[PDB]
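Trainee: Once you've seen the sequence and the experimental structure below, I've got questions.
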Amino acid sequence: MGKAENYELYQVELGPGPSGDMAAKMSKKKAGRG
């Protein structure tokens with residue numbers, strides 16, 4: 001609550017890493033535990 005979230009907003013191919021892979025040490029939330 002407060003910040004509110006959308007359904008498919010940031011789900012638009014986040015992380016701009018086309019050629020090769022991504023890894024700029026900023027948003028690394030692939031899937032650790034769960």
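Mentor: Great, that's in hand. Numbering: from 1, shown residues only.

Trainee: Please report the distance of residue 11 from residue 1.
Mentor: Note on residue 11: its distance to residue 1, by Cβ to Cβ, to the nearest Å, is 20 Å. The way it works is simple: take the backbone N, C-alpha and C, and place the C-beta from them, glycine included.

Trainee: more crowded one of those two?
Mentor: residue 11 (8 against 4; other Cβ atoms under 10 Å).

Trainee: give me the element the spatially most central residue of the chain is part of.
Mentor: The centroid of the chain falls nearest to residue 14 when counting by Cα atoms, centre = their mean (4.8 Å). Residue 14 belongs to no helix or strand when elements are defined using DSSP states H and E.

Trainee: and what of residue 8?
Mentor: Under DSSP H and E, no helix or strand contains residue 8.

Trainee: Any figure for the gap between it and residue 14?
Mentor: Distance of residue 8 to residue 14, given as Cβ to Cβ: 11 Å.

Trainee: okay, now residue 15: neighbour count?
Mentor: 13.

Trainee: what about the nearest residue to it once chain neighbours are set aside, is that helix, strand or coil?
Mentor: Take residue 15 and drop its neighbours on the chain: the residue closest to it by Cβ to Cβ, 6 or more residues apart in numbering is residue 22, 4.6 Å away. Three-state call for residue 22 (DSSP: H, G, I helix; E, B strand; the rest coil): coil.

Trainee: Could you measure from residue 22 over to residue 32?
Mentor: 16 Å.
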